[PDB]
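Here the structure comes first, spelled out in structure tokens, and everything after it is commentary.
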Amino acid sequence: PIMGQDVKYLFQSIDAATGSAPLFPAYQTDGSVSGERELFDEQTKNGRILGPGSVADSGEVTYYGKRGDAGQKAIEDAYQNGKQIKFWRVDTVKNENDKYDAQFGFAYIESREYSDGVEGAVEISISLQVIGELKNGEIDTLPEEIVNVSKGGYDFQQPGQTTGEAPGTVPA
Amino acid sequence: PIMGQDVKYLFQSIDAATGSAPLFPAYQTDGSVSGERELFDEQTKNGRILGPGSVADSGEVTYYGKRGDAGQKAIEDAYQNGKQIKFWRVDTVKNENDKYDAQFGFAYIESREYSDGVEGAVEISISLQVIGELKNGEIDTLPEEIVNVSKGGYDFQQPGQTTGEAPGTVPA
Amino acid sequence: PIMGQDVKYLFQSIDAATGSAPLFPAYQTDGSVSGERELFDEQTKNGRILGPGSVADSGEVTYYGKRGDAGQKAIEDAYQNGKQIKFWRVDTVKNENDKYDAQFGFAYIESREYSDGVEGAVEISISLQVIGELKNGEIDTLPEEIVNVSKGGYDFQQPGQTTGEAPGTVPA
Amino acid sequence: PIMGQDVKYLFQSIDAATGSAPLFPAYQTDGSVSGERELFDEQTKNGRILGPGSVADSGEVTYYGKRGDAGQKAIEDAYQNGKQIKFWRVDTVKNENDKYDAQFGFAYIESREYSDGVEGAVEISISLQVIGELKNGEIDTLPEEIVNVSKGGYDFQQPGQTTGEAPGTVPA
Amino acid sequence: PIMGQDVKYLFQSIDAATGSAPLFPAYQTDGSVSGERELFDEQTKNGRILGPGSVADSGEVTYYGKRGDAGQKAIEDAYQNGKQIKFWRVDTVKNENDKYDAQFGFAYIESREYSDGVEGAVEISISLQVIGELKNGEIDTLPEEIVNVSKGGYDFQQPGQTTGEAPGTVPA
Amino acid sequence: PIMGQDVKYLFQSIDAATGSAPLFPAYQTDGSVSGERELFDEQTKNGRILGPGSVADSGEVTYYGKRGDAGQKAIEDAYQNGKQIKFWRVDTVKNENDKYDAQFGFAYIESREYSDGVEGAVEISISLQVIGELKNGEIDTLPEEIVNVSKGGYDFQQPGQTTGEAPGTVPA
Amino acid sequence: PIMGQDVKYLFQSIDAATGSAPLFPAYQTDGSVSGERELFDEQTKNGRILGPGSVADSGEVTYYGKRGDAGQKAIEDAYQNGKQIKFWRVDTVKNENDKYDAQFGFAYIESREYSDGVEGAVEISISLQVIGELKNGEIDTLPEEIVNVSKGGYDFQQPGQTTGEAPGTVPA
Amino acid sequence: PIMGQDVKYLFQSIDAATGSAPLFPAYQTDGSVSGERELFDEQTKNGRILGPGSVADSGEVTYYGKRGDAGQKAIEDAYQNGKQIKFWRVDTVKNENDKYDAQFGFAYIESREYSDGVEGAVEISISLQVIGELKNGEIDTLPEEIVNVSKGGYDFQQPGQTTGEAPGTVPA
Amino acid sequence: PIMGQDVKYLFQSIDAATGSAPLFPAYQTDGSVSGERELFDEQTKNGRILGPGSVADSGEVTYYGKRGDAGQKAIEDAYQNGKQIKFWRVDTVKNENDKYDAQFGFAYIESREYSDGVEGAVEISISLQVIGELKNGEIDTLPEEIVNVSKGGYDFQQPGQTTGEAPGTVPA
Amino acid sequence: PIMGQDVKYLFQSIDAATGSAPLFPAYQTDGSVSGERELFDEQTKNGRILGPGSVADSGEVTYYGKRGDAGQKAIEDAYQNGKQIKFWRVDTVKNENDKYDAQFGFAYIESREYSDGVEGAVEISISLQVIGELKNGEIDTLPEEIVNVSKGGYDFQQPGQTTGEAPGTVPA
Amino acid sequence: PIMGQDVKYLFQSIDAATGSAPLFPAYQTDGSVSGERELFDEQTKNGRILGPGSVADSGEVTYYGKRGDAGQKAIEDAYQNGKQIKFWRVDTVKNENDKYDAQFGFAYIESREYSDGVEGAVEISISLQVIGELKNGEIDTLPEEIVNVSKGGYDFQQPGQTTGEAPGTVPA
């Protein structure tokens, strides 16, 4: 079925007006929760509790913050400046009659949480409501991230290419 | 008694008007909860708390979402378009004076939950109320699924039948 | 003292009008809870919080449902048709000046819960209120169940008595 | 200090009018909880939250019920008939200027709970309020129980004294 | 006392409905383990840890698999088709008031293990639980195996009776 | 830093009028909780939620009760007679410009809890509010307890000094 | 990304008027929680739940208290005298176009918690609200602490430099 | 019975789409382990622990890796590229109504282990789970390996056929 | 250094009140284990894992039980009656400024183990905790045992001194 | 196949930025362990336990430490300074379309172990995790070590070339 | 490489304030174990399991205790009084640009173990944690022990120099 790595979530800010949506690395986990409100109280009749109602749609996003990357800075301007961000969640498996497959919306920063612990690494919990996320097919592959997600491995670096802790440095 | 695999749940959408009910693969677990409201307050009399009342009937359904299958797309049109779905829960053990045995109702999408984690695979929690599920015998076997639930095993494929990750491919 | 297997619970339906109470196999566990309401608020006086009040008596019953047996079908007509059932809880140890020893009442189906999981077997949680359970001695032994509860073991079946998964089959 | 076996609790019923208090075997554990209500709201003054108030005194008692013993039947008439019971909690260690040491009160049966499980043995949770338990020295040793609590061991029974599951039978 | 060769174990399948139980050659060793669950926790009382409880009865069977013989094919349909098998363990020494002496039950295939090594020969470890094995006297001698277990030795074959690796061939 | 054994808590009763504060042995653990109430509701202004307010100061004390010792009897007269007790919490590490270092207050017995279990030993949970605990330096060392806390070990007792379970008896 | 040791938190008191902010050793963990309040109730319209609102910003700080150090004494005057403290949280990794990187605010002592246990060492939980923490770059390195955080190790001390439990003593 | 050399294991990759399954030389040993999950907890009833359940089927494979051969390169693409491999285990003894006899499945690379020691030769431990291995008859003899397994011996090479360490070289 | 025979262990019971400590013959071996609990979790600071803590001190004693000797009967009253015993472990080599050298404590009988085997002789494993064993110099030589430990050899007995299996009998 | 001496492991440090990877002499043995995480729980479906997952890749390295050589000093700066090291494992047998054949990665020092014993020589156990080792062909022969591994033997030294314990000294 | 006798371990106590570190004779063996904690959970990303973490550094020391020598008495005051000891481990082979080569730290007595057996001689197992051992060059040779470790042999003593069991006595 769909794998845990398969569904990934990208956001595009409204004010940027750019042709691309930053997504942030080191994801922890993603809960999108969607409540469809229903009829109150049957009155012991013919079923007055199976009726239509409004939908309350909210999601939370947890990840580990990196020192300085752009979806996080998008989140930072999102919460700290106070803007809504465009919300995209797509699947990495290629769509057979589209680029990718997505669910889309406009979202807000309901709350943000920052944990610093003595073990592990900094963890951000960001919670958001949305006014109705809709499903569609994803057009922008953005093959740097969704298409290409590598383990950092590269074939050799044996003459010494000025390397460091990162998974491939070059000489100067 | 009845096994955990024995009771399986199929839904048929109202708008489809088809002669068959899609059920979805990769089930996690099924809670159907049925509350029969009773008399308030004995008044220290002869028993004024054992009296009849209305019934609140609600169930939740958890499963792992597959990339694109029809009960899930039935769920997707169920929640996202906003429709009630016909609710069938039957037992795989053959009925001796019926095809199968069932409990049936008309149900609504009270809430849906979608979890994406770094481990495991995508998990959907869908919660629904119903206006009174009733018990009957199941007429439609649908022997593709209830009758036939295989492990994917097949006897050999040894001359090379263009195989893949799926449990039986054929040449082209 | 009294063992976990020692206290067993039988129900007799009101409408049946039969000389025997069906009890259901594969019990999980039984909670009977009895609240005796007391005086409110001493007023820092001589003890105005040790005073008499009404009693709220409710119990829940958990068990694993078998495909088709009669106490369960008694439960099924109990909840699904909407009837109160006569409530008997007796002890398997023989009473020395009675057949058995019991607590008795008339009970209602406040709620029923049905769990289907991928592991294990179907589990029913049924919750009920009662209007005052009373203690007495149990007259009906019903020696098929209370008196006789066997492990299914039988001495031999060695010439082949057309056996199956059940603990004793006979030839045809 | 005081051991877990050291503090034991006996009750004497009001209506019995006997010169002895039944305590029940197979104790699980005993919580006596005593709340001394205090002044509301300092008003940021000189301390208007350290002031005297009434006391709410309640305790719960858990034990494993034996088939038929008298403190349990005292509990049974306590709850089921609806009476208050005199409450004694004493220490097994001998008092140096009294028989024993006790805390005493008059208590009521606020609630009773009966659990039957498939494992283990029947367990009773009984909850009670009291109108002020007071501390004193215990006069009645009742040396059958507090003074004498044996493991059931006896030196030999080797010529055969018609024995059973109990820790000492005699011939007929 | 009873020898290592003395106690041998035969199984009869439920579905066969035959008048005889296949046992398999080349036994390695047989562990039958039977746990009688007891009372929890004395509470430092009169002995609340010597009390009765349920019994967990499980056994494992190790043997060396032969290319094609019927108890193994009984095991193979046992595990691979998924059936319970009737369980017989009898003693080779003749019973003085019965044919043989046995312990009997109905058993299931909890697990099977197959080892192929470069040394030695294929070894099967099969583990099973049972719902209560009972002791009785064995009625069916089956004198081909229990009564008769020969070393393969035969007096002569000197004119040439078309012999092979097996312990007695005949001419064609 | 400060160790778990380092901070110890002594109480002095108001009515005693003695030159010394009893502290009780066999401490379990000490929670002192101090809430400083703040401004409600910024009104999205310049910060109307960072404003000063009153302080709610409460602590709970858990320990294992000894048969008869004086801080416990101080607690007993504290709760059961109904008095406030003077509250001292000091550190065992010697102060360099004082005897010891302390936090001090006047405290009340908001609630007391007594647990008797079948395992372990009697445990008292006592909860108290205070009208503002203040920090100071501790003047009274009380070197019997804070200064001197021994394991009970003594060099020898080899000619027999009429010993018992306690860590040093003498002859008569 | 950012490590658990990487983000550290310093406070500067308002009244001190000094050119440096004390931070306290032996940190346990730091939760900063920031709630951005949003529009109530869509009314099933065009999205009236994605709207702007106020922000509730609160954090809690846990650490192990040392006998006498200045951020703790800053905390002590913070809570016990009743002052707001200036709030700085910076990252240890050097900023490439600033000294360091920080988030800054003015904060208050909403609550303080002090735990003394028999195991481990004294633990302080301090909770605070803030009226809007803002992100900036950190100017003051304070290289004693952020820049320099050593394990206490030093190369040798072999002629005897009057040493103690601390990680480097000198002769007198 | 079946010998240690008798049962040999071949794998065929899914993506290859070839009419033949590579098996790897220098086998160490093969464990195939198959767990058939059973009913939990009898409840001291009629046997609620002899019931059907799912099957967990896993095997491990140990061998000594050769410099470059195709089943190992099949294993290498299996683990390192991340593919499932078709799993065949057949017996070398000729089947009397089939080519050979087999057990078959689709298998995955759960783990791989590579040991390099100073003694002996490189040893690979590869562990795999399977979703249900089934038994059948083996159709492909592959007489190069199963049918023909020689010691490397050849009758003579006495005029000098440009020989080396391998068991038969030819001139150039 | 210190030999295996050099360190020997004597116990003195508390209740005896005698001027001498029985030690038991036929020692097997003695483990005294002493755990000094330390600081949890550095927090990657300056070393918060090198800190002081409590000490858990426990030892086990193995020996071969003799039919009736007094340290064993001291052990027997120790465990079976339930008393703590005074614990002495001294060295046989003479102290140069004391009689002997010792480590001393008060000890309890945490567990006792008795093995009877078909080979060898009865073996007792007794395990004990202690509340802090301290080191000192041993005052009581007890020269019968520590000072004098002979092989049982005596110069002659040649006129016949009514001898037996023991290493020196006398006439009657 | 591949010999125990055939596969050897070289590391190159990231910070060095040199055109060569130090490997360390006196290898003991090398375990590289690679776990490919799989799907949880079939749910008794079509095989939901044969699914893809992440890979946990870790290895341990044991060797005997030499007084001062550069891979060990690379290890020493690796662990003691705290750096990741580039990980190369190649085979000594010449590749036919490459220099050598390798598996490569970036690795970290998860743990180091140093044993000093009275027998034998110092032994270092170093354990490391890796984020995905990949297989390739080895480009750098480094013919000093991999290509050339001599026993220390040299043809003669008979006029006296100022020799010592080492396998070839020269005059001064 | 480095021999088993080559690396020896000396300790210097903090409180002594002396210009020399006692090491203890009759070493058994020395394990120093150093764990460098790493990143949790890659999240199937670019390698989030190769990240930096804290280091847990602990060692154990086994030796045979001598009747009275100073490192042992240093150990004895170490554990029994409760002090940390300065930790030095150096190599006996002369450093070419230092006196010797060392690894150094401050260490604590986590646990001590004392075994007395009937065979052999007293054996002490002492276990310790450390807050980060660092490597350096050893300055103090202490040529009595490291430089000079003799077998006890001396050329002659033939006129009788009042000798004993020790390897050289003199006349009186």
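Each chain in the structure tokens gets a letter, A, B, ..., in the order shown, and its residues are numbered from 1; ligands are numbered from 1 in order too.
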Self-check item: chain J: residues DSSP assigns to strand (DSSP E), reported as a PyMOL selection string
Solution: chain J and resi 7-13+27-36+55-64+85-91+100-107+111-117+123-130+134-138
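Excluding stretch 146-159 of chain E itself and any same-chain residue fewer than 3 positions from it, the protein and nucleic acid residues within 9 Å of it, counting only C-alpha atoms, are residues 6, 8, 90, 91, 92, 93, 94, 141, 142, 143, 163, 166, 167 and 168 of chain E.
Ranking G:16, G:126, G:39, G:2 by their shortest atom-to-atom distance to chain K, with only C-alpha atoms included, puts G:2 first.
We find atom CA of residue I:11 and atom CA of residue K:80 to be spaced 21.0 Å apart.
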Practice problem: Identify all chain K residues at most 10 Å from chain G by counting only C-alpha atoms; ligands do not count. Present them as a PyMOL selection string. | Solution: chain K and resi 12-21+39+48+51-54+83-88+102-108+131-140
Practice problem: Tell me, in Å to one decimal, how far atom CA of residue B:7 is from atom CA of residue H:50. | Solution: 19.6 Å
